[PDB]
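Asks: So here's my_file24.txt (compact mmCIF, C-alpha atoms and all ligand atoms).
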```txt
# COMPACT_ATOMS: atom_id res chain seq x y z
CA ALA A 1 227.55 -0.28 222.25
CA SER A 2 224.82 -2.81 221.44
CA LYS A 3 223.30 -3.05 217.97
CA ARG A 4 219.53 -2.65 217.69
CA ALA A 5 217.11 -4.55 215.44
CA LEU A 6 213.55 -3.67 214.47
CA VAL A 7 211.44 -6.69 213.45
CA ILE A 8 208.14 -5.67 211.89
CA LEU A 9 205.37 -8.10 212.76
CA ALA A 10 202.17 -8.12 210.68
CA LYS A 11 199.17 -10.34 210.70
CA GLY A 12 199.93 -13.41 208.55
CA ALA A 13 203.71 -13.23 209.11
CA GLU A 14 205.46 -16.56 208.87
CA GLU A 15 206.07 -17.30 212.53
CA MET A 16 209.26 -19.37 211.95
CA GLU A 17 210.75 -16.50 209.93
CA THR A 18 209.84 -14.11 212.71
CA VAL A 19 211.00 -16.18 215.71
CA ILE A 20 214.26 -17.61 214.35
CA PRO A 21 215.80 -14.19 213.56
CA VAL A 22 214.51 -12.62 216.82
CA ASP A 23 215.95 -15.46 218.90
CA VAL A 24 219.25 -15.74 217.03
CA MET A 25 219.78 -11.92 217.14
CA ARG A 26 219.12 -11.92 220.91
CA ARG A 27 221.67 -14.75 221.29
CA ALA A 28 224.13 -12.41 219.48
CA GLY A 29 223.52 -9.67 222.09
CA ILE A 30 221.44 -7.54 219.71
CA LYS A 31 218.65 -5.48 221.25
CA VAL A 32 215.63 -6.62 219.30
CA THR A 33 212.25 -4.92 219.13
CA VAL A 34 209.36 -7.02 217.90
CA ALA A 35 207.05 -4.27 216.60
CA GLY A 36 203.39 -4.85 215.83
CA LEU A 37 202.33 -3.29 212.52
CA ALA A 38 198.65 -2.94 213.59
CA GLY A 39 199.41 -1.78 217.16
CA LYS A 40 200.27 -3.30 220.54
CA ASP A 41 197.98 -6.37 220.49
CA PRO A 42 198.88 -10.02 219.79
CA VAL A 43 199.52 -11.01 216.19
CA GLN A 44 198.05 -14.12 214.57
CA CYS A 45 200.79 -15.46 212.34
CA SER A 46 200.28 -17.55 209.19
CA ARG A 47 200.08 -20.95 210.93
CA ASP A 48 198.07 -19.55 213.85
CA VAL A 49 200.86 -19.08 216.31
CA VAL A 50 200.06 -15.95 218.33
CA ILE A 51 202.92 -13.66 219.22
CA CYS A 52 202.70 -10.65 221.57
CA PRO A 53 204.83 -7.79 220.22
CA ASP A 54 207.18 -5.84 222.45
CA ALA A 55 205.57 -2.63 221.17
CA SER A 56 203.50 -1.07 218.40
CA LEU A 57 205.41 -0.02 215.30
CA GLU A 58 204.25 3.55 215.99
CA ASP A 59 205.98 3.44 219.39
CA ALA A 60 209.11 1.58 218.20
CA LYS A 61 209.65 4.14 215.42
CA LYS A 62 210.12 6.81 218.11
CA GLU A 63 213.08 4.86 219.48
CA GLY A 64 214.71 4.67 216.02
CA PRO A 65 216.76 4.49 214.04
CA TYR A 66 217.93 0.82 214.08
CA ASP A 67 221.05 -0.99 212.84
CA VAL A 68 218.78 -3.42 210.97
CA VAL A 69 215.16 -3.44 209.89
CA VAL A 70 213.84 -7.01 209.47
CA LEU A 71 210.89 -8.04 207.32
CA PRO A 72 209.62 -11.60 207.87
CA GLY A 73 207.76 -13.34 205.06
CA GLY A 74 204.44 -15.11 204.85
CA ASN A 75 202.31 -14.13 201.80
CA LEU A 76 199.68 -12.26 203.81
CA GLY A 77 202.25 -10.74 206.22
CA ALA A 78 204.31 -9.39 203.30
CA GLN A 79 201.20 -8.00 201.63
CA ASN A 80 200.41 -6.13 204.88
CA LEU A 81 203.99 -4.77 205.03
CA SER A 82 203.75 -3.83 201.31
CA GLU A 83 200.55 -1.85 201.85
CA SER A 84 201.84 0.09 204.89
CA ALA A 85 202.73 3.78 204.65
CA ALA A 86 204.51 3.45 208.05
CA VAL A 87 206.71 0.67 206.64
CA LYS A 88 207.41 2.76 203.53
CA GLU A 89 208.68 5.63 205.72
CA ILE A 90 210.81 3.35 207.90
CA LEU A 91 212.49 1.63 204.93
CA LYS A 92 213.10 4.89 203.03
CA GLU A 93 214.75 6.38 206.12
CA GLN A 94 216.81 3.24 206.65
CA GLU A 95 218.02 3.10 203.05
CA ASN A 96 218.82 6.83 203.11
CA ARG A 97 220.99 6.45 206.23
CA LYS A 98 222.81 3.42 204.78
CA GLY A 99 221.38 1.08 207.37
CA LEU A 100 220.85 -2.65 206.80
CA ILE A 101 217.48 -3.95 205.56
CA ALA A 102 216.85 -7.68 205.81
CA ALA A 103 213.90 -9.53 204.25
CA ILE A 104 213.00 -13.21 203.84
CA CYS A 105 210.66 -15.38 201.77
CA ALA A 106 207.86 -13.07 200.45
CA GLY A 107 209.24 -10.27 202.66
CA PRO A 108 211.46 -8.85 199.88
CA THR A 109 208.31 -8.04 197.81
CA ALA A 110 207.73 -5.21 200.33
CA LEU A 111 211.02 -3.70 199.11
CA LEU A 112 209.54 -3.65 195.61
CA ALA A 113 206.28 -2.10 196.86
CA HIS A 114 208.21 0.67 198.61
CA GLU A 115 210.85 1.14 195.83
CA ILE A 116 213.75 0.13 198.04
CA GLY A 117 217.17 -1.06 196.88
CA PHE A 118 216.45 -1.05 193.16
CA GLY A 119 219.31 -2.59 191.19
CA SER A 120 220.16 -4.99 193.99
CA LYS A 121 220.77 -8.66 193.56
CA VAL A 122 218.05 -10.36 195.64
CA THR A 123 216.46 -13.69 196.38
CA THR A 124 212.98 -14.64 197.55
CA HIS A 125 210.91 -17.72 198.05
CA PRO A 126 210.71 -19.46 194.63
CA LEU A 127 206.93 -18.75 194.57
CA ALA A 128 207.53 -15.01 195.12
CA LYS A 129 210.05 -14.63 192.27
CA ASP A 130 207.59 -13.39 189.62
CA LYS A 131 206.09 -10.79 192.00
CA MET A 132 209.56 -9.54 193.02
CA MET A 133 210.78 -9.39 189.40
CA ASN A 134 207.78 -7.48 188.00
CA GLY A 135 209.45 -4.66 186.03
CA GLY A 136 212.97 -6.10 186.27
CA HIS A 137 213.99 -3.68 189.05
CA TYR A 138 216.26 -6.24 190.72
CA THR A 139 218.52 -9.01 189.61
CA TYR A 140 217.43 -12.48 190.79
CA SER A 141 219.53 -14.98 192.71
CA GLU A 142 218.91 -18.57 193.83
CA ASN A 143 221.43 -18.28 196.70
CA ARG A 144 219.98 -19.26 200.05
CA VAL A 145 221.04 -15.88 201.42
CA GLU A 146 221.94 -12.94 199.16
CA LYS A 147 223.69 -9.92 200.63
CA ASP A 148 224.12 -7.01 198.22
CA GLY A 149 225.52 -4.13 200.23
CA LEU A 150 222.81 -3.13 202.71
CA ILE A 151 220.01 -5.25 201.16
CA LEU A 152 220.03 -8.74 202.66
CA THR A 153 217.50 -11.26 201.41
CA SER A 154 216.75 -14.97 201.84
CA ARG A 155 214.37 -17.66 200.64
CA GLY A 156 212.22 -19.45 203.22
CA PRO A 157 211.71 -21.00 206.63
CA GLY A 158 214.53 -23.46 205.85
CA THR A 159 217.01 -20.61 205.22
CA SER A 160 215.97 -18.63 208.37
CA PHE A 161 219.02 -19.68 210.42
CA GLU A 162 221.40 -18.74 207.61
CA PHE A 163 219.51 -15.40 207.16
CA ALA A 164 219.67 -14.67 210.88
CA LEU A 165 223.37 -15.50 211.12
CA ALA A 166 224.10 -13.30 208.10
CA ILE A 167 222.44 -10.39 209.97
CA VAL A 168 224.52 -11.22 213.01
CA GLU A 169 227.73 -11.32 210.93
CA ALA A 170 226.82 -8.00 209.28
CA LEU A 171 226.26 -6.24 212.60
CA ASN A 172 228.55 -8.01 215.06
CA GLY A 173 231.14 -9.77 212.88
CA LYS A 174 232.15 -13.23 211.78
CA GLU A 175 233.46 -14.39 215.21
CA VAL A 176 230.23 -13.55 217.07
CA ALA A 177 228.20 -15.25 214.33
CA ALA A 178 230.34 -18.42 214.67
CA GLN A 179 230.04 -18.39 218.45
CA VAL A 180 226.22 -17.97 218.30
CA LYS A 181 225.98 -20.70 215.63
CA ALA A 182 227.83 -23.51 217.42
CA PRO A 183 225.27 -24.21 220.20
CA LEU A 184 222.38 -24.28 217.71
CA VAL A 185 223.37 -27.70 216.29
CA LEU A 186 223.13 -26.59 212.67
CA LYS A 187 224.40 -28.76 209.82
CA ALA B 1 190.75 -38.60 210.20
CA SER B 2 193.22 -35.88 211.22
CA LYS B 3 196.07 -36.58 213.63
CA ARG B 4 196.26 -34.45 216.77
CA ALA B 5 199.36 -33.04 218.47
CA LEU B 6 199.74 -31.66 222.00
CA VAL B 7 202.64 -29.20 222.38
CA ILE B 8 203.35 -28.39 226.02
CA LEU B 9 204.49 -24.80 226.44
CA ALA B 10 206.26 -23.77 229.67
CA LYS B 11 207.92 -20.60 230.73
CA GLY B 12 211.51 -20.62 229.40
CA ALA B 13 210.72 -22.91 226.44
CA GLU B 14 212.99 -22.43 223.47
CA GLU B 15 210.70 -20.50 221.14
CA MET B 16 212.29 -21.82 217.91
CA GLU B 17 211.80 -25.40 219.12
CA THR B 18 208.20 -24.59 219.95
CA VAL B 19 207.26 -22.67 216.78
CA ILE B 20 209.00 -24.78 214.13
CA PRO B 21 207.23 -28.04 215.10
CA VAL B 22 203.84 -26.30 215.59
CA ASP B 23 204.07 -24.64 212.18
CA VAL B 24 205.43 -27.66 210.31
CA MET B 25 202.79 -29.98 211.89
CA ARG B 26 200.02 -27.55 210.87
CA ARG B 27 201.43 -27.54 207.32
CA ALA B 28 201.08 -31.36 207.45
CA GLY B 29 197.35 -31.04 208.31
CA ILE B 30 197.86 -32.06 211.94
CA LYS B 31 195.53 -30.49 214.49
CA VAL B 32 197.94 -28.91 216.93
CA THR B 33 197.17 -27.67 220.43
CA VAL B 34 199.67 -25.30 221.97
CA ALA B 35 198.98 -25.92 225.68
CA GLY B 36 200.18 -23.60 228.41
CA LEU B 37 201.69 -25.47 231.36
CA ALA B 38 200.90 -22.66 233.87
CA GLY B 39 197.42 -21.89 232.47
CA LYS B 40 195.84 -19.86 229.66
CA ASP B 41 198.06 -16.75 229.78
CA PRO B 42 200.94 -15.77 227.45
CA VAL B 43 204.24 -17.57 227.90
CA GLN B 44 207.61 -15.81 228.00
CA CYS B 45 209.97 -18.09 226.14
CA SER B 46 213.74 -18.31 226.69
CA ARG B 47 214.71 -15.45 224.33
CA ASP B 48 211.74 -13.31 225.40
CA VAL B 49 209.40 -14.11 222.58
CA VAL B 50 205.87 -14.17 224.02
CA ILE B 51 203.50 -16.81 222.74
CA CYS B 52 199.78 -17.02 223.55
CA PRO B 53 198.75 -20.67 224.01
CA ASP B 54 195.64 -22.07 222.39
CA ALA B 55 194.58 -23.39 225.81
CA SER B 56 195.75 -24.32 229.29
CA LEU B 57 197.24 -27.77 229.67
CA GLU B 58 194.44 -28.54 232.15
CA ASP B 59 191.86 -27.83 229.43
CA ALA B 60 193.78 -29.54 226.58
CA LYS B 61 194.12 -32.73 228.66
CA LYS B 62 190.31 -33.04 228.64
CA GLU B 63 190.39 -33.24 224.84
CA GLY B 64 192.99 -36.04 224.92
CA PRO B 65 194.45 -38.34 224.08
CA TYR B 66 196.77 -37.15 221.25
CA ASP B 67 198.68 -38.91 218.47
CA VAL B 68 201.84 -37.11 219.63
CA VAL B 69 202.90 -35.28 222.76
CA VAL B 70 205.66 -32.73 222.03
CA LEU B 71 208.15 -31.37 224.54
CA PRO B 72 210.18 -28.35 223.39
CA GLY B 73 213.54 -27.68 224.99
CA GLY B 74 215.10 -24.65 226.61
CA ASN B 75 216.87 -25.37 229.95
CA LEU B 76 214.30 -23.57 232.10
CA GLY B 77 211.32 -24.79 230.01
CA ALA B 78 212.48 -28.42 230.36
CA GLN B 79 213.01 -27.99 234.09
CA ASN B 80 209.40 -26.74 234.37
CA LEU B 81 208.15 -29.75 232.35
CA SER B 82 210.32 -32.06 234.52
CA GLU B 83 208.82 -30.71 237.74
CA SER B 84 205.18 -30.99 236.59
CA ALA B 85 202.86 -33.66 237.96
CA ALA B 86 200.43 -32.87 235.10
CA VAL B 87 203.17 -33.59 232.56
CA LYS B 88 204.06 -36.81 234.39
CA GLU B 89 200.45 -38.01 234.07
CA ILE B 90 200.18 -37.06 230.40
CA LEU B 91 203.43 -38.82 229.43
CA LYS B 92 202.65 -41.97 231.46
CA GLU B 93 199.24 -42.21 229.78
CA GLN B 94 200.79 -41.63 226.36
CA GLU B 95 203.49 -44.26 226.83
CA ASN B 96 200.93 -46.73 228.18
CA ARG B 97 198.71 -46.32 225.10
CA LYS B 98 201.67 -46.69 222.72
CA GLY B 99 201.38 -43.12 221.51
CA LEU B 100 204.31 -41.09 220.16
CA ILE B 101 206.32 -38.83 222.50
CA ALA B 102 208.65 -36.30 220.89
CA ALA B 103 211.22 -34.19 222.74
CA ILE B 104 214.03 -31.86 221.63
CA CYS B 105 217.16 -30.25 223.06
CA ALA B 106 216.81 -30.33 226.91
CA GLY B 107 213.21 -31.56 226.47
CA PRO B 108 214.20 -35.25 226.69
CA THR B 109 215.42 -34.69 230.30
CA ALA B 110 211.70 -34.48 231.21
CA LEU B 111 211.40 -38.11 230.05
CA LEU B 112 214.08 -39.00 232.59
CA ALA B 113 212.33 -37.01 235.34
CA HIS B 114 209.07 -38.83 234.66
CA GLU B 115 210.66 -42.30 234.06
CA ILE B 116 209.49 -42.51 230.47
CA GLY B 117 210.91 -44.75 227.74
CA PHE B 118 213.73 -46.25 229.79
CA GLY B 119 216.03 -48.37 227.63
CA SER B 120 215.47 -46.17 224.60
CA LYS B 121 218.18 -44.85 222.37
CA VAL B 122 217.93 -41.05 222.67
CA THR B 123 219.68 -37.83 221.80
CA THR B 124 219.67 -34.41 223.42
CA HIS B 125 221.47 -31.14 223.13
CA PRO B 126 225.19 -31.89 223.74
CA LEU B 127 225.02 -29.80 226.96
CA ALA B 128 222.10 -31.90 228.27
CA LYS B 129 223.80 -35.27 227.74
CA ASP B 130 225.13 -35.71 231.30
CA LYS B 131 221.73 -34.84 232.83
CA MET B 132 219.90 -37.25 230.50
CA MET B 133 222.43 -40.06 231.12
CA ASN B 134 222.42 -39.83 234.94
CA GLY B 135 221.91 -43.48 235.97
CA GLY B 136 222.45 -44.91 232.49
CA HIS B 137 218.70 -45.40 231.88
CA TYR B 138 219.00 -44.66 228.16
CA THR B 139 221.51 -45.27 225.45
CA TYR B 140 223.00 -42.08 223.97
CA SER B 141 223.08 -41.13 220.29
CA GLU B 142 224.66 -38.21 218.40
CA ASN B 143 222.15 -38.52 215.53
CA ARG B 144 220.40 -35.26 214.74
CA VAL B 145 217.07 -37.03 215.19
CA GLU B 146 216.75 -40.39 216.98
CA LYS B 147 213.54 -42.37 216.68
CA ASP B 148 213.39 -45.48 218.87
CA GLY B 149 209.89 -46.87 218.54
CA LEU B 150 207.55 -44.30 220.09
CA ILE B 151 210.29 -42.14 221.68
CA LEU B 152 211.48 -39.51 219.22
CA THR B 153 214.26 -37.16 220.28
CA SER B 154 216.43 -34.46 218.70
CA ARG B 155 219.27 -32.09 219.54
CA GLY B 156 218.66 -28.35 219.16
CA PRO B 157 217.18 -25.39 217.35
CA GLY B 158 219.20 -26.36 214.26
CA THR B 159 217.62 -29.85 214.16
CA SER B 160 214.03 -28.54 214.73
CA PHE B 161 212.99 -28.92 211.06
CA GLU B 162 214.31 -32.48 210.92
CA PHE B 163 212.56 -33.24 214.27
CA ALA B 164 209.29 -31.77 213.05
CA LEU B 165 209.41 -33.65 209.74
CA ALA B 166 210.16 -36.90 211.58
CA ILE B 167 206.96 -36.36 213.61
CA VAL B 168 205.09 -35.68 210.39
CA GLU B 169 206.50 -38.85 208.77
CA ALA B 170 205.60 -40.89 211.87
CA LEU B 171 201.99 -39.70 211.89
CA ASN B 172 201.17 -38.97 208.25
CA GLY B 173 203.79 -40.90 206.26
CA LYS B 174 206.84 -40.31 204.12
CA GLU B 175 204.95 -38.74 201.15
CA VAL B 176 203.22 -36.08 203.26
CA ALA B 177 206.53 -35.27 204.98
CA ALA B 178 208.23 -34.83 201.57
CA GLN B 179 205.41 -32.64 200.28
CA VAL B 180 205.50 -30.42 203.42
CA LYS B 181 209.31 -30.22 203.23
CA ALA B 182 209.71 -29.00 199.64
CA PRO B 183 208.27 -25.48 200.06
CA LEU B 184 210.36 -24.84 203.19
CA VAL B 185 213.62 -24.43 201.20
CA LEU B 186 215.60 -26.77 203.43
CA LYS B 187 219.09 -27.96 202.48
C1 LIG A 201 207.18 -17.93 202.90
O1 LIG A 201 207.14 -17.71 204.28
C2 LIG A 201 206.37 -17.04 202.15
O2 LIG A 201 206.32 -15.82 202.31
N1 LIG A 201 205.76 -17.71 201.17
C3 LIG A 201 204.82 -17.07 200.21
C4 LIG A 201 205.40 -17.20 198.84
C5 LIG A 201 204.42 -16.73 197.87
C6 LIG A 201 203.44 -17.63 197.40
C7 LIG A 201 202.48 -17.23 196.47
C8 LIG A 201 202.51 -15.91 195.98
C9 LIG A 201 203.48 -15.01 196.44
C10 LIG A 201 204.43 -15.42 197.38
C11 LIG A 201 205.97 -19.03 201.38
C12 LIG A 201 205.43 -20.10 200.78
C13 LIG A 201 205.75 -21.39 201.22
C14 LIG A 201 206.59 -21.60 202.30
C15 LIG A 201 207.08 -20.45 202.92
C16 LIG A 201 206.76 -19.22 202.48
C1 LIG A 202 218.24 -26.00 223.86
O1 LIG A 202 217.06 -25.36 223.45
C2 LIG A 202 218.26 -26.32 225.24
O2 LIG A 202 217.33 -26.86 225.86
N1 LIG A 202 219.48 -26.09 225.73
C3 LIG A 202 219.83 -26.31 227.17
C4 LIG A 202 220.90 -27.36 227.21
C5 LIG A 202 221.38 -27.47 228.58
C6 LIG A 202 222.39 -26.59 229.03
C7 LIG A 202 222.89 -26.66 230.33
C8 LIG A 202 222.38 -27.64 231.21
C9 LIG A 202 221.38 -28.52 230.77
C10 LIG A 202 220.88 -28.43 229.46
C11 LIG A 202 220.17 -25.41 224.80
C12 LIG A 202 221.37 -24.81 224.87
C13 LIG A 202 221.88 -24.10 223.77
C14 LIG A 202 221.15 -23.97 222.60
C15 LIG A 202 219.89 -24.58 222.59
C16 LIG A 202 219.43 -25.26 223.66
CL CL A 203 202.44 -17.94 203.66
CL CL A 204 217.99 -22.45 227.09
```
Now, as a test, write the supplied structure out as structure tokens.
Ligand SMILES: *[C@@]1(=O)C(=O)N([C][C]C2=[C][C]=[C][C]=[C]2)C2=[C][C]=[C][C]=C21
Ligand SMILES: *[C@@]1(=O)C(=O)N([C][C]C2=[C][C]=[C][C]=[C]2)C2=[C][C]=[C][C]=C21
Ligand SMILES: [Cl-]
Ligand SMILES: [Cl-]

Replies:
Amino acid sequence: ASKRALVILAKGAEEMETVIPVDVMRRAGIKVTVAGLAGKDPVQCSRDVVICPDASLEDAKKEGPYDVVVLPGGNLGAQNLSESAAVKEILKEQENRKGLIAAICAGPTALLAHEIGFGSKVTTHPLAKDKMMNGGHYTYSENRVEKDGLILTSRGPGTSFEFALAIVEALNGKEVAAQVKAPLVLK
Amino acid sequence: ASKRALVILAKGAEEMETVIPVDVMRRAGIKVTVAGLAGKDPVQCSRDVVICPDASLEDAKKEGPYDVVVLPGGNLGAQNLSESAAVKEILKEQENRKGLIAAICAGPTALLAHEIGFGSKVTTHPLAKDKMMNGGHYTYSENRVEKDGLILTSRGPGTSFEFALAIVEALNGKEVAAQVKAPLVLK
């Protein structure tokens, strides 16, 4: 049975951090839903790339739960995720069911906002460290990808492939991750 | 004065190879136009990500010429670029004016289709090598990025950052490329 991924897409999301995991997960045979935070309409990402979501978050939630919930970064995208009651509910449910939560760049600051995964070892973009560490609720890592149980975090656009492949390995195993990796021409 | 980039977006384009250069070029202060081959409507990329172009190619051509013309890959995207008379005209004009042409993955096979840059040293995705080399009109390279004068080629999704930064360096210089690179958290 195919694994299912929910990618939450807010205005100001970093488009590279959105597209690389969506694409790589689809290469791995994962059923991915790109879900628009604000509804069904196109989303203007941080560098003005416009992505049309597969569905509204409201609609995608009805088809839950998911094997992974993915939070892209981008400062303004993460702030929108952080402020969302819908996101809070989704992450709480996911954590409670021991499902994977994956967040990159400023994305992990939404975990702080929603009180998710406290005590975890996490990374973020270097510029997001102070925000993430406010209160000392996590332990900070400079690893490019940090997986602490079911909280999987990463640093930036340049770690997006590693982040995506870690999700793939978590859901579908090491062999599938290696097979998906080889055609990408990664270093 | 700001440099200007034309990114030609066809159905079946590899979305990572489209988004990473667009984003990175915008970070470099380049004015980027994402131009829809088929018109103004949203484009379904290879892994089903849907991108809304800034304009139709027909309209973007009127605002030419550009400091770089960028051809993403994806097998079916490159085939669409290869079959396009509009693309032929754009590339011919660009080559004739000694403007930069950048192509990644299967993207460089459009240069073959349109008889652009013959004699150049080029790379492609490993799977696209035989197509690109049909007739021996180029010399083949396994470098992750190959820049031979005004023909700049690269291999795959995993070389997209390097490809994008090479464009930036070509247009805006080494210092700007280094400054844009550092926040991306690249290895
Ligand atoms: C990344 O996509 C992201 O989310 N960044 C924001 C980091 C940040 C900056 C200032 C305050 C809080 C958080 C970021 C920055 C640069 C490159 C990528 C990304
Ligand atoms: C890349 O984006 C691309 O264009 N690929 C197609 C390569 C190809 C395959 C078969 C025949 C001709 C060309 C490709 C393949 C795998 C990963 C990325 C890309
Ligand atoms: Cl940002
Ligand atoms: Cl493809």

Asks: Return as a ChimeraX atom specification the residues of protein, DNA or RNA that approach ligand CL 204 (chain A) to within 10 Å, with all atoms listed in the file taken into account.

Replies: /B:12-15,45-47,73-78,105-106,156

Asks: Find the nearest atom pair between each residue of chain B and ligand CL 203 (chain A) for residues within 12 Å, count all atoms listed in the file, give distances in Å to one decimal, sort rows by chain and ascending number, and present the table as JSON lines.

Replies:
```
{"residue": "B:23", "atom": "CA", "partner": "A:CL203", "partner_atom": "CL", "distance": 11.0}
{"residue": "B:27", "atom": "CA", "partner": "A:CL203", "partner_atom": "CL", "distance": 10.3}
{"residue": "B:183", "atom": "CA", "partner": "A:CL203", "partner_atom": "CL", "distance": 10.2}
{"residue": "B:184", "atom": "CA", "partner": "A:CL203", "partner_atom": "CL", "distance": 10.5}
```

Asks: Check the smallest atom-to-atom distance from each of A:114, A:61, A:31, A:155 to chain B using all atoms listed in the file, then report the winner.

Replies: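 Ranked by minimum distance to chain B, first place goes to A:155.
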
Asks: Choose the residue, out of A:11, A:187, A:174, A:137, that has the smallest atom-to-atom separation from chain B; count all atoms listed in the file.

Replies: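 Result for the nearest residue to chain B: A:187.
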
Asks: Taking only C-alpha atoms into account, report as a ChimeraX atom specification which residues of chain A lie within 9 Å of chain B.

Replies: /A:14-16,19-20,22-24,26-27,34,42,46-54,125-127,144,155-159,161,181,183-187

Asks: Using all atoms listed in the file, determine which residues lie at most 9 Å from residue 170 in chain B, disregarding the query and same-chain residues fewer than 5 positions distant; provide the list as a PyMOL selection string.

Replies: chain B and resi 100+165+177

Asks: Show which residues sit within 7 Å of residue 146 in chain A, as a list in words. Count only C-alpha atoms, and ignore same-chain residues fewer than 6 positions away.

Replies: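 Within the cut-off, the hits are residues 122, 123, 152, 153 and 154 of chain A.
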
Asks: Considering all atoms listed in the file, return as a PDB file with C-alpha atoms, in the frame of the given file whatever protein or nucleic-acid residues lie within 9 Å of residue 84 in chain B, sequence-local ones (same chain, fewer than 4 positions apart) excluded.

Replies:
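Wrote it out as out.pdb, contents follow:
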```
ATOM      1  CA  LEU B  37     201.690 -25.470 231.360  1.00  0.00           C
ATOM      2  CA  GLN B  79     213.010 -27.990 234.090  1.00  0.00           C
ATOM      3  CA  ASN B  80     209.400 -26.740 234.370  1.00  0.00           C
ATOM      4  CA  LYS B  88     204.060 -36.810 234.390  1.00  0.00           C
ATOM      5  CA  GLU B  89     200.450 -38.010 234.070  1.00  0.00           C
ATOM      6  CA  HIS B 114     209.070 -38.830 234.660  1.00  0.00           C
TER       7      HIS B 114
END
```

Asks: Can you tell me, as an MDAnalysis selection string, what residues are no more than 9 Å from range 110-112 of chain B when counting all atoms listed in the file, ignoring any on the same chain fewer than 6 positions away?

Replies: chainID B and resid 71 78:83 87:88 91 103 118 131:134 137:138

Asks: Write out as AutoDock Vina command-line options an axis-aligned box for ligand LIG 201 (chain A): all of its atoms listed in the file, 6 Å added on each side, centre and edge lengths in Å with one decimal.

Replies:
```
--center_x 204.8 --center_y -18.3 --center_z 200.1 --size_x 16.7 --size_y 18.6 --size_z 20.3
```

Asks: If you count all atoms listed in the file, which residues fall within 8 Å of residue 55 in chain B, apart from same-chain ones fewer than 3 positions away, as a list in words?

Replies: residues 33, 34, 35, 36, 39, 40, 59 and 60 of chain B

Asks: Pick out the closest residue to residue 6 in chain A from this set: A:69, A:171, A:176, A:151. Count all atoms listed in the file.

Replies: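 Nearest to residue 6 in chain A: A:69.
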
Asks: What is the CA of residue 179 in chain A-CA of residue 28 in chain A distance in Å, reported with one decimal?

Replies: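 CA of residue 28 in chain A lies 8.5 Å from CA of residue 179 in chain A.
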
Asks: Choose the residue, out of B:3, B:180, B:162, B:136, that has the smallest atom-to-atom separation from ligand LIG 201 (chain A); count all atoms listed in the file.

Replies: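 Among the listed residues, B:180 lies closest to ligand LIG 201 (chain A).
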
Asks: Could you tell me how far CA of residue 30 in chain A sits from CA of residue 172 in chain A, in Å to one decimal place?

Replies: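 Taking CA of residue 172 in chain A as the start and CA of residue 30 in chain A as the end point, the length is 8.5 Å.
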
Asks: Counting only C-alpha atoms and all ligand atoms, which residue out of B:115, B:175, B:169, B:130 sits closest to ligand LIG 202 (chain A)?

Replies: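 Of all the options, B:130 lies closest to ligand LIG 202 (chain A).
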
Asks: What is the CA of residue 62 in chain A to CA of residue 1 in chain A distance in Å?

Replies: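 Pair CA of residue 62 in chain A / CA of residue 1 in chain A returns 19.3 Å.
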
Asks: Can you complete the atoms of range 86-93 of chain A to N, CA, C and O atoms and list them as a compact mmCIF listing (two decimals), in the coordinates of the input?

Replies:
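The file below, out-v9.txt, is the result:
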```
# COMPACT_ATOMS: atom_id res chain seq x y z
N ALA A 86 203.51 3.44 206.97
CA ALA A 86 204.51 3.45 208.05
C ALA A 86 205.76 2.67 207.67
O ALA A 86 206.87 3.13 207.91
N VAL A 87 205.57 1.48 207.10
CA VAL A 87 206.71 0.67 206.64
C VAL A 87 207.47 1.41 205.54
O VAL A 87 208.70 1.44 205.56
N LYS A 88 206.75 2.00 204.61
CA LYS A 88 207.41 2.76 203.53
C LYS A 88 208.38 3.79 204.13
O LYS A 88 209.54 3.87 203.73
N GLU A 89 207.90 4.55 205.10
CA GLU A 89 208.68 5.63 205.72
C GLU A 89 209.92 5.07 206.44
O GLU A 89 211.04 5.58 206.31
N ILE A 90 209.70 4.00 207.21
CA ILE A 90 210.81 3.35 207.90
C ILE A 90 211.89 2.86 206.94
O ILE A 90 213.10 3.09 207.17
N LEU A 91 211.49 2.20 205.86
CA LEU A 91 212.49 1.63 204.93
C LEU A 91 213.24 2.71 204.16
O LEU A 91 214.47 2.65 203.97
N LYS A 92 212.50 3.71 203.70
CA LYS A 92 213.10 4.89 203.03
C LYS A 92 214.17 5.53 203.91
O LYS A 92 215.32 5.77 203.46
N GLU A 93 213.79 5.81 205.17
CA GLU A 93 214.75 6.38 206.12
C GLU A 93 215.95 5.47 206.31
O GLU A 93 217.10 5.92 206.30
```
